[PDB]
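> The structure is given below, and queries will be raised subsequently.
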Amino acid sequence: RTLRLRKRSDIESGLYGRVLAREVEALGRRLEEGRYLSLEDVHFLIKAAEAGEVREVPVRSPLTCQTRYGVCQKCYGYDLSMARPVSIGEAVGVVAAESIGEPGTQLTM
Amino acid sequence: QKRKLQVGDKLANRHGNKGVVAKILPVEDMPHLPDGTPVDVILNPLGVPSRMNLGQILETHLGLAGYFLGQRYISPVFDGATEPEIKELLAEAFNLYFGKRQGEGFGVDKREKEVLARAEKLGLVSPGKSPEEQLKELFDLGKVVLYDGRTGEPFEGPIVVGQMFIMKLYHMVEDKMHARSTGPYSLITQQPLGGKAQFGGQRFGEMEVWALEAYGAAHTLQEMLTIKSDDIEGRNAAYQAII
Amino acid sequence: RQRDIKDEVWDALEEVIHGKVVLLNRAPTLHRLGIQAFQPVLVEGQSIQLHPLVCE
Amino acid sequence: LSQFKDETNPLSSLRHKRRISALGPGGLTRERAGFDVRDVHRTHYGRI
Amino acid sequence: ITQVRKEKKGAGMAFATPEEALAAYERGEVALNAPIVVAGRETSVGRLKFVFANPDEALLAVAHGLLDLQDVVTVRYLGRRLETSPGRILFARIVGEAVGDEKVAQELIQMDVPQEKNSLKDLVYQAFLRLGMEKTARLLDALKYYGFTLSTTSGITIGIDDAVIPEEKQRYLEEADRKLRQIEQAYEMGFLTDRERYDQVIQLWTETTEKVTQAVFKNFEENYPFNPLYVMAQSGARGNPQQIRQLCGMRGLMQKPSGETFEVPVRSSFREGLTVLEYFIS
Amino acid sequence: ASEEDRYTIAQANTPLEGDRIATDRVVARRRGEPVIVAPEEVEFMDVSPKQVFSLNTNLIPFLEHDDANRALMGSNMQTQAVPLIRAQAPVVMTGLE
Amino acid sequence: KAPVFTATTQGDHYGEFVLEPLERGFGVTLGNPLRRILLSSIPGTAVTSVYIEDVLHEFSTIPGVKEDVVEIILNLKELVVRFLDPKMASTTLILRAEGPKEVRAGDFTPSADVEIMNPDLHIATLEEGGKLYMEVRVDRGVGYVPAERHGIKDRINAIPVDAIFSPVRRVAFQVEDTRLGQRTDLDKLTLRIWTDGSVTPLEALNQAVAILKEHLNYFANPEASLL
Amino acid sequence: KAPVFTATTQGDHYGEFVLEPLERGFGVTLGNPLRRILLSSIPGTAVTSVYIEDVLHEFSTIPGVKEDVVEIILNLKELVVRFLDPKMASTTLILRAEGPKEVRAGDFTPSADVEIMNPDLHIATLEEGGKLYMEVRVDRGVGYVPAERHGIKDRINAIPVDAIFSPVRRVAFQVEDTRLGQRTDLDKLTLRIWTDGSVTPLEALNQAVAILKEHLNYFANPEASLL
Amino acid sequence: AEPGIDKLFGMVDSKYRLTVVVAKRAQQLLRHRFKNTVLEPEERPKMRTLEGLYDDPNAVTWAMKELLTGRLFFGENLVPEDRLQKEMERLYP
Amino acid sequence: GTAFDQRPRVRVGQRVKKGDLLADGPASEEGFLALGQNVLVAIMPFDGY
RNA sequence: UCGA
Ligand SMILES: [Zn+2]
């Protein structure tokens, strides 16, 4: 019943290469919207939340994307493998597909 | 045809450890012993703890003490050699080995002194005992002093060695290896053939296609599904082009 | 005709080799990294060499 | 139940002749198999 | 090679002056890597005996055969007084030489503790992040060549005595036997019925398996930290904990093909050898 | 098999001495259920542990030290074997050859 | 100091060498390179070429002969022969064994510039009335070249065999401490040379040392450059 | 067949030499000997113990100087000199500086034919009124000799110092299999060598190779002990 | 990796845009037998050869350094395809 | 395609008992299955090969 | 049916 924090790897998978939906005020360092995220950013959010400054994390997600027959960069994130903002004309459907596809062999346990 | 074992061929033991031949090393360079007899394989100790097979280890130890003796070893399944037995075999073979160098006008090698000293740090050989007894213990553990056939210097620590049984597996690179530039095509659809003796190219799976798209190589994919495979004038005009 | 691979060929294919590179795939193809691309380097043998790290 | 002999070595044909398959005409088929089908029964022991 | 070698032989005695401790080092009353005390500030015999003004000096002194590849010594190395192991300095060095400058290189790496899987990973990320693609690639390849040849020099191998079952096995396991005698004498006393006896037994073998596993790892750390199997699976080279348990330890109870787990302990490890029974159940 | 489920069957690894039972507690089972027994209830035994495996699997020395997976692999690989001109039988074998 | 050098041979077969004293750690640097080139670049024979009036190929079993052809070949590369001349590149040998008499390297037809180092080498156990004619070209070269990488072409069937030249059986060097010099912990290097008799241990060490010093002083005028 | 030798060097610091190509296995054959002989030989700076006014122990701090005694010792080790005349195998350099002075390898008061090839080195910093005098002992020879081995004490309070001999820092040759035309068996062997400025990399190399052909020519006279 | 990559990717927004660029330009280099290009003798991507050391025939590498300088120009709807392609096959054979 | 061969292991003549092996097999060493060889083996990470 |  004690509310804890999602352990490192979780949020690392959650907020990495994200795009800020709205402005953020915590710990004196202001995070404007549209700014992408890195390990520095994410760990900073970690610490900030550890200070009880912030809990919710508004971000633009593929679900929230109104791009039709596709998606956008602001709704997506980095390119992961390239660590840089996702390039236009990207395979993201297939990306996703393979990304969760390879693990298919290793959950027997 | 006489087929000598080539580079890349499948080989494995009775204890279930596979592999392929990687770059056979010249007789010159090789981790030999004070008798100057180099080893024949030098297999990496990784697949052992992950795949959990100790039988090859014990087999190699019995082969260690046994090579010196040459006598055979019948170890029926679940009933056979045990740690004390093989231990005595080790002590035996070593007694006669240290004997081999003692009467032939030799003694403890300085490099061996070094290896024994470094091993004495982690308690690998019981301290307070002379290097002779220490090499008795070490050799008993399954490992002895090896010298890099390249540098000539020993190795930081002991290396388990011995006689062990292996096998030359059916799959042979001289067979499995195949390639084709431009061959025949299927009658129904102009798609190239497959198989080896049929002289045909590999197929690009659905998942292959997907991955190719994931990279975002549009042309590579297009050429793959068209020019490179069955395309009407595509393959022909291709051969034309590169020619 | 005639396996006469004498230096006329062995070193010309070389002149075409440099620059453009080829691809290698290990089935199953799961991650896209299951298909990568490498600079061709001709080596004596019937086997295939590849960088130990990407093998994973 | 009838196929190319295993001549890869003597022990090959030996073992092969000593192998048993639940597949074929009037056994089960690939499409139908469970856990208990390919499993090892308690009393298996010195038999298979 | 990045491992910090430390010995318990010296016992860490109390010396008012360095010279006393030195004489003691010669006489064998202390170990080279042993954390002894000098004046009011403790230190290793090596940190005193071996003092280097720069990496290349230490490289010569070591590779010449006067010092082991891993010991506690003192060096400057980019303008600071630090006490570490030759393989550490080597690490930072190779990083720098691979990337082209050792400043930022050494800056983002741990200069204290041995480098295993995850640490390396972090460094790779920091590399492709702060540096760029080609740089990171050349870096990785340097790790390939250097690393491979390092493990080659090591000659770390695997043998029967390279994993030894802790002495705690006999004790704790036969204790579990006595406990089983308790539970069994209960089952006929009416205190415990059948099912709950099965449960008490199942948790008995649970906690037994854990006691002996803990014993395995603790024994490998307290005594033989350079143990090849241990080190191997530890640094993330090859292995997992359960593997090490079954290989040296108690393999633990098995599961019936029906899915209800067995009530009978397998005990003996892979090296101990398993009886026909255990092997079949497994 | 049906008849095997009936009696109490010991193991080949039983405490064999002087053609008699040595230690009180002895390996045994019914239907495949491991149970410790006594010098009395002893009924049947095993000829040899060899019967608990196949041909190739029995050609592996110290097999009790190898996990089932790699053992399996070892066996079917013994099937995958090819002839050798200079071939040399294992200097350590199970004596079954 | 003075590098006292004592050179022990025994026959053309087994011999060792000891040099003491020497600088600390040098013994490695001496011992290994020697051994390295000592096991490789040393010329030898182990034949190449073989012909028999009775055979199709390397297989077909010759009547009156226990072992098949390729087994008689198992006995070929294990045969060591030295020439009494340095200048004889190639050669030829003739062999005849009739009746129920066995075959060995000594059973050959002796000639000029040829000596066998193992007449006791077993070839084939010839049964009752086995008649066989044989001939072999034993040439000399460097290193080891398999039969598949070199051709012959004598007559109706000319079948190559592996060439293991490398007359040195094996080389083992050991670095010990010597009392023979001014300071402490010096290197007395003992190089153990095992030869088959095509070359005595002494002269083996000689030629090895030759290629050694030569390829050593191979560093000539270089070409410098700077960024 | 034609072992082309190329050496690309920069300054008295770095040099890299390749013999491309070379026979298989030979590329690894010359690597370690040249390695150890380069680092275990080829004499140089070799700076031993130095007496220091007011400084007794190697520990007790020195007033008027920023760095403590040991730091200065490090700075001393780093320095490199050379004897112009082979006659002088031993010298004692001295320095005395007071007040707020910048103390460097240049400030060092000169000597006989001894020359300092390292003009700028930061030895120490002197605060206001800081008094310092030191006389350092310098010699020749090879390898490495820690404060344990040499018991050098010139004056009363002089403190033994680790001596840097061999001009080279590290070598650790990099050999790789190369390809020219056919026959992948070639050797590309390359060397990365460092120098402290005493001898240019090419010099150190050639000196080493001299040591090499010398010790190689140690084999002439046999002594026959055959058992 | 391929020399001068990070900057390349650093130019075009789309990771794929670069590919289009490289493709088209390189193909154009193969069209005219390398007399188009903005690379001078020192910048000529020479490939090492035992026979004799010549310019690397591969169009890709050439394109690499070509953009690496930045002397080129890349953009969508740059000029009508007509006069664009007509004056390219004119200047050079 | 695996070769089948039988090597006579008996001399020109001698007297044998019943069951004694007069000839080998595709892999048979003196009445024992010979798959591979027992050759010297070392265990260590050699140049990562 | 057997490799991976
Ligand atoms: Zn969007």
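Following the order of the structure tokens, first chain is A, next is B, and so on, with residues numbered from 1 inside each chain and ligands from 1 in the order they appear.
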For residue G:172, list every protein, DNA or RNA residue within 9 Å, evaluated using only C-alpha atoms (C1' of nucleotides), and leave out those in the same chain fewer than 2 positions away; present the list as a list in words.

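So, after excluding close chain neighbours, the residues are residues 32, 33, 34, 35, 36 and 37 of chain B; 31, 32, 35, 170, 174, 190, 191, 192, 193 and 194 of chain G.
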
> Check which residues fall inside 8 Å of ligand 1 when counting only C-alpha atoms (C1' of nucleotides) and all ligand atoms, and print them as a ChimeraX atom specification.

/A:60-62,64-67,71-76

> I'd like the neighbourhood of stretch 75-81 of chain F as an NGL selection string, where a residue qualifies if any of its atoms comes within 7 Å (using only C-alpha atoms (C1' of nucleotides)), though same-chain residues fewer than 5 positions away should be ignored.

(:B and (14 or 167-170)) or (:D and (8-9 or 11-12)) or (:F and (56-57)) or (:J and (35))

> Please, could you write that set of residues out with N, CA, C and O atoms as a compact mmCIF listing (two decimals), in the first residue's frame?


# COMPACT_ATOMS: atom_id res chain seq x y z
N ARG B 14 31.41 -35.94 -26.86
CA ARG B 14 30.36 -36.80 -26.34
C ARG B 14 29.55 -36.11 -25.24
O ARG B 14 28.48 -36.57 -24.85
N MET B 167 34.90 -35.29 -32.12
CA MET B 167 34.33 -35.92 -33.31
C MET B 167 34.20 -34.92 -34.46
O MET B 167 34.02 -33.72 -34.24
N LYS B 168 34.27 -35.43 -35.69
CA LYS B 168 34.13 -34.62 -36.89
C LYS B 168 32.73 -34.79 -37.46
O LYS B 168 32.40 -35.80 -38.06
N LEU B 169 31.90 -33.76 -37.31
CA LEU B 169 30.48 -33.88 -37.60
C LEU B 169 30.19 -33.93 -39.10
O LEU B 169 31.02 -33.56 -39.92
N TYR B 170 29.00 -34.42 -39.44
CA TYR B 170 28.59 -34.61 -40.82
C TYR B 170 28.66 -33.34 -41.67
O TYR B 170 29.22 -33.36 -42.76
N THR D 8 25.39 -43.18 -42.04
CA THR D 8 26.37 -42.17 -41.63
C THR D 8 27.50 -42.79 -40.80
O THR D 8 28.62 -42.27 -40.77
N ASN D 9 27.19 -43.92 -40.18
CA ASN D 9 28.15 -44.74 -39.44
C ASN D 9 27.41 -46.01 -38.99
O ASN D 9 26.19 -46.08 -39.13
N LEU D 11 26.94 -47.20 -35.94
CA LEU D 11 26.14 -46.82 -34.78
C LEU D 11 24.92 -46.01 -35.21
O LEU D 11 23.93 -45.91 -34.49
N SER D 12 24.99 -45.46 -36.42
CA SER D 12 23.92 -44.63 -36.96
C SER D 12 22.73 -45.52 -37.30
O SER D 12 21.65 -45.33 -36.75
N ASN F 56 23.70 -44.41 -27.74
CA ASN F 56 24.66 -43.32 -27.81
C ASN F 56 24.81 -42.60 -26.48
O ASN F 56 25.89 -42.16 -26.11
N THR F 57 23.69 -42.50 -25.76
CA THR F 57 23.67 -41.83 -24.48
C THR F 57 24.50 -42.61 -23.46
O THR F 57 25.02 -42.05 -22.50
N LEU J 35 35.03 -42.93 -33.08
CA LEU J 35 34.40 -41.83 -33.78
C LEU J 35 35.44 -40.79 -34.19
O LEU J 35 35.81 -40.70 -35.35

> List the spatial neighbours of residue G:2 as a list in words - criterion: any atom at most 12 Å away, only C-alpha atoms (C1' of nucleotides), same-chain residues fewer than 3 positions off excluded.

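Within the cut-off, the hits are residues 5, 19, 20, 21, 22, 23, 180, 181 and 182 of chain G; 215 and 218 of chain H.
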
> Kindly save the residues from that selection, with C-alpha atoms included, as a tab-separated table (two decimals), in the first residue's frame.


chain	number	residue	atom	x	y	z
G	5	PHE	CA	77.94	-21.81	-24.41
G	19	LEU	CA	74.02	-21.11	-22.57
G	20	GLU	CA	74.71	-19.49	-19.21
G	21	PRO	CA	74.75	-16.87	-17.79
G	22	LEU	CA	72.52	-14.19	-19.35
G	23	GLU	CA	70.49	-11.10	-18.53
G	180	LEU	CA	77.37	-18.50	-13.38
G	181	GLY	CA	77.26	-14.70	-13.30
G	182	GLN	CA	77.96	-11.56	-11.28
H	215	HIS	CA	73.41	-12.35	-28.96
H	218	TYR	CA	76.94	-15.93	-29.62

> Give me the residues near residue D:37 as a ChimeraX atom specification, where near means some atom within 12 Å (using only C-alpha atoms (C1' of nucleotides)) and where sequence neighbours in that chain fewer than 3 positions away do not count.

/D:21-23,27-30,32-34,40-41 /E:257-258

> Please report, as a PDB file with C-alpha atoms, in the first residue's frame, each residue of stretch 25-201 of chain G to which DSSP assigns strand (DSSP E) when run on this structure's backbone.


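What ended up in result.pdb:
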ATOM      1  CA  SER G  49      55.543 -38.749 -55.227  1.00  0.00           C
ATOM      2  CA  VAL G  50      54.488 -42.409 -55.316  1.00  0.00           C
ATOM      3  CA  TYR G  51      53.806 -44.904 -58.121  1.00  0.00           C
ATOM      4  CA  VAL G  81      65.321 -39.730 -45.542  1.00  0.00           C
ATOM      5  CA  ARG G  82      68.381 -37.469 -45.904  1.00  0.00           C
ATOM      6  CA  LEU G  93      63.633 -44.630 -55.457  1.00  0.00           C
ATOM      7  CA  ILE G  94      62.851 -48.205 -56.526  1.00  0.00           C
ATOM      8  CA  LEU G  95      61.364 -50.987 -54.377  1.00  0.00           C
ATOM      9  CA  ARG G  96      60.673 -54.699 -54.883  1.00  0.00           C
ATOM     10  CA  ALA G  97      59.196 -57.143 -52.374  1.00  0.00           C
ATOM     11  CA  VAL G 103      58.221 -54.423 -46.480  1.00  0.00           C
ATOM     12  CA  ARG G 104      60.303 -51.747 -44.758  1.00  0.00           C
ATOM     13  CA  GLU G 115      70.383 -42.836 -46.532  1.00  0.00           C
ATOM     14  CA  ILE G 116      67.391 -44.117 -44.561  1.00  0.00           C
ATOM     15  CA  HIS G 122      56.824 -51.005 -41.044  1.00  0.00           C
ATOM     16  CA  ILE G 123      55.175 -50.529 -44.443  1.00  0.00           C
ATOM     17  CA  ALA G 124      52.921 -53.509 -45.181  1.00  0.00           C
ATOM     18  CA  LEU G 132      54.701 -55.654 -55.423  1.00  0.00           C
ATOM     19  CA  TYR G 133      56.706 -53.103 -57.413  1.00  0.00           C
ATOM     20  CA  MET G 134      57.084 -49.573 -56.096  1.00  0.00           C
ATOM     21  CA  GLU G 135      58.746 -46.231 -56.795  1.00  0.00           C
ATOM     22  CA  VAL G 136      58.874 -42.869 -55.018  1.00  0.00           C
ATOM     23  CA  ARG G 137      60.166 -39.366 -55.674  1.00  0.00           C
ATOM     24  CA  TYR G 144      54.572 -28.426 -44.848  1.00  0.00           C
ATOM     25  CA  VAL G 145      52.562 -28.615 -48.086  1.00  0.00           C
ATOM     26  CA  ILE G 159      49.568 -39.733 -56.530  1.00  0.00           C
ATOM     27  CA  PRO G 160      50.921 -36.982 -54.244  1.00  0.00           C
ATOM     28  CA  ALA G 163      55.110 -33.271 -47.279  1.00  0.00           C
ATOM     29  CA  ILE G 164      56.174 -32.799 -43.678  1.00  0.00           C
ATOM     30  CA  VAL G 168      62.979 -31.339 -36.118  1.00  0.00           C
ATOM     31  CA  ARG G 169      60.671 -33.540 -34.039  1.00  0.00           C
ATOM     32  CA  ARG G 170      60.106 -30.858 -31.386  1.00  0.00           C
ATOM     33  CA  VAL G 171      61.720 -27.920 -29.556  1.00  0.00           C
ATOM     34  CA  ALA G 172      61.486 -27.215 -25.820  1.00  0.00           C
ATOM     35  CA  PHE G 173      63.272 -24.332 -24.106  1.00  0.00           C
ATOM     36  CA  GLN G 174      63.469 -23.753 -20.363  1.00  0.00           C
ATOM     37  CA  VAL G 175      64.682 -20.653 -18.515  1.00  0.00           C
ATOM     38  CA  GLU G 176      66.280 -21.354 -15.127  1.00  0.00           C
ATOM     39  CA  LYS G 188      70.396 -20.106 -18.141  1.00  0.00           C
ATOM     40  CA  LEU G 189      68.445 -21.083 -21.232  1.00  0.00           C
ATOM     41  CA  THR G 190      68.243 -24.754 -22.156  1.00  0.00           C
ATOM     42  CA  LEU G 191      67.009 -25.356 -25.694  1.00  0.00           C
ATOM     43  CA  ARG G 192      66.048 -28.993 -26.219  1.00  0.00           C
ATOM     44  CA  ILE G 193      66.183 -29.992 -29.877  1.00  0.00           C
ATOM     45  CA  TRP G 194      64.475 -33.183 -31.038  1.00  0.00           C
ATOM     46  CA  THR G 195      65.334 -34.156 -34.629  1.00  0.00           C
TER      47      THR G 195
END

> Run DSSP on the backbone and give me the residues of chain F it puts in alpha helix (DSSP H), as a PyMOL selection string.

chain F and resi 68-80

> Mind running a least-squares superposition of chain G onto chain H over all the C-alpha atoms, in order, and reading off the RMSD?

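Overlaying the two chains on their C-alpha atoms yields 2.2 Å.
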
> Using only C-alpha atoms and a distance of at most 12 Å, pull out the residues of chain B that contact chain C, as a PyMOL selection string.

chain B and resi 5-10+20-24+172-179+202-217+220+242

> Between atom CA of residue A:69 and atom CA of residue A:13, what distance in Å does the model show, to one decimal?

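So the two atoms, atom CA of residue A:69 and atom CA of residue A:13, lie 25.5 Å apart.
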
> What are the nearest atom pairs, with distances in Å to one decimal, for all residues of chain B that come at most 9 Å from chain G, using only C-alpha atoms, set out by chain and rising residue number as a tab-separated table?


residue	atom	partner	partner_atom	distance
B:26	CA	G:40	CA	8.7
B:27	CA	G:39	CA	7.3
B:28	CA	G:36	CA	4.9
B:29	CA	G:36	CA	6.4
B:32	CA	G:172	CA	8.2
B:33	CA	G:172	CA	7.8
B:34	CA	G:172	CA	6.2
B:35	CA	G:172	CA	5.8
B:36	CA	G:172	CA	4.0
B:37	CA	G:170	CA	7.0
B:106	CA	G:174	CA	8.7
B:107	CA	G:176	CA	7.9
B:108	CA	G:176	CA	7.3
B:109	CA	G:176	CA	5.4
B:110	CA	G:176	CA	5.2
B:111	CA	G:175	CA	7.1
B:148	CA	G:32	CA	8.9
B:149	CA	G:32	CA	7.1
B:150	CA	G:32	CA	7.3
B:151	CA	G:32	CA	6.4
B:152	CA	G:32	CA	4.7
B:153	CA	G:28	CA	6.2

> The selected residues should be written to file as a JSON list (two decimals), in the first residue's frame (atoms: C-alpha atoms).


[["chain", "number", "residue", "atom", "x", "y", "z"],
["B", 26, "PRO", "CA", 50.56, -23.26, -37.54],
["B", 27, "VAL", "CA", 52.57, -25.94, -35.74],
["B", 28, "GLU", "CA", 55.10, -23.25, -34.76],
["B", 29, "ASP", "CA", 52.98, -21.12, -32.44],
["B", 32, "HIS", "CA", 53.35, -26.05, -25.38],
["B", 33, "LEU", "CA", 54.66, -27.52, -22.10],
["B", 34, "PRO", "CA", 58.19, -28.00, -20.65],
["B", 35, "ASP", "CA", 58.42, -31.14, -22.81],
["B", 36, "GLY", "CA", 57.81, -28.86, -25.79],
["B", 37, "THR", "CA", 54.69, -30.70, -26.87],
["B", 106, "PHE", "CA", 66.26, -30.38, -15.55],
["B", 107, "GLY", "CA", 64.45, -28.68, -12.68],
["B", 108, "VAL", "CA", 61.78, -26.09, -11.94],
["B", 109, "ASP", "CA", 61.36, -23.49, -14.72],
["B", 110, "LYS", "CA", 61.49, -19.83, -13.66],
["B", 111, "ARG", "CA", 58.33, -19.15, -15.65],
["B", 148, "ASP", "CA", 52.41, -19.12, -25.49],
["B", 149, "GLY", "CA", 53.91, -20.49, -28.72],
["B", 150, "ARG", "CA", 53.92, -16.94, -30.02],
["B", 151, "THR", "CA", 55.68, -15.01, -27.24],
["B", 152, "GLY", "CA", 57.26, -17.90, -25.34],
["B", 153, "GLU", "CA", 56.09, -16.40, -22.07]]

> For the atom pair atom CA of residue G:114 and atom CA of residue G:83, what is the interatomic distance in Å to one decimal place?

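About the pair atom CA of residue G:114 and atom CA of residue G:83: they are 4.8 Å apart.
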
> Output the contact residues of chain B with respect to chain J at a cut-off of 7 Å, based on only C-alpha atoms, as a PyMOL selection string.

chain B and resi 22+39-45+159-168

> Please produce a file of the residues just selected, as a PDB file, in the first residue's frame, where the atoms kept are C-alpha atoms.


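Produced file selection-v3.pdb, reproduced below:
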ATOM      1  CA  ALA B  22      38.137 -21.223 -36.651  1.00  0.00           C
ATOM      2  CA  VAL B  39      48.319 -28.652 -27.816  1.00  0.00           C
ATOM      3  CA  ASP B  40      45.941 -29.476 -30.654  1.00  0.00           C
ATOM      4  CA  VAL B  41      42.753 -27.421 -30.019  1.00  0.00           C
ATOM      5  CA  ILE B  42      42.703 -24.930 -27.106  1.00  0.00           C
ATOM      6  CA  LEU B  43      38.932 -24.674 -26.605  1.00  0.00           C
ATOM      7  CA  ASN B  44      37.413 -21.661 -24.837  1.00  0.00           C
ATOM      8  CA  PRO B  45      35.873 -22.114 -21.346  1.00  0.00           C
ATOM      9  CA  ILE B 159      45.261 -23.881 -17.853  1.00  0.00           C
ATOM     10  CA  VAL B 160      43.402 -27.162 -17.622  1.00  0.00           C
ATOM     11  CA  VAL B 161      44.509 -29.517 -20.348  1.00  0.00           C
ATOM     12  CA  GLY B 162      44.585 -33.206 -21.183  1.00  0.00           C
ATOM     13  CA  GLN B 163      43.290 -35.923 -23.462  1.00  0.00           C
ATOM     14  CA  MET B 164      39.669 -35.556 -24.493  1.00  0.00           C
ATOM     15  CA  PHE B 165      37.456 -37.238 -27.084  1.00  0.00           C
ATOM     16  CA  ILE B 166      36.029 -35.196 -29.960  1.00  0.00           C
ATOM     17  CA  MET B 167      34.330 -35.920 -33.309  1.00  0.00           C
ATOM     18  CA  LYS B 168      34.135 -34.621 -36.890  1.00  0.00           C
TER      19      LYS B 168
END

> Find, counting only C-alpha atoms, the residue in I:56, I:43, I:13, I:51 that gets nearest to residue C:7.

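Distance minimum relative to residue C:7 lands on I:51.
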
> Can you tell me how far atom CA of residue H:8 sits from atom CA of residue G:219, in Å to one decimal?

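Between these atoms lies a distance of 13.4 Å.
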
> What lies within 7 Å of residue B:65 using only C-alpha atoms (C1' of nucleotides), ignoring chain neighbours under 2 positions off, as a list in words?

residues 61, 62, 63, 67, 68, 89, 90 and 93 of chain B
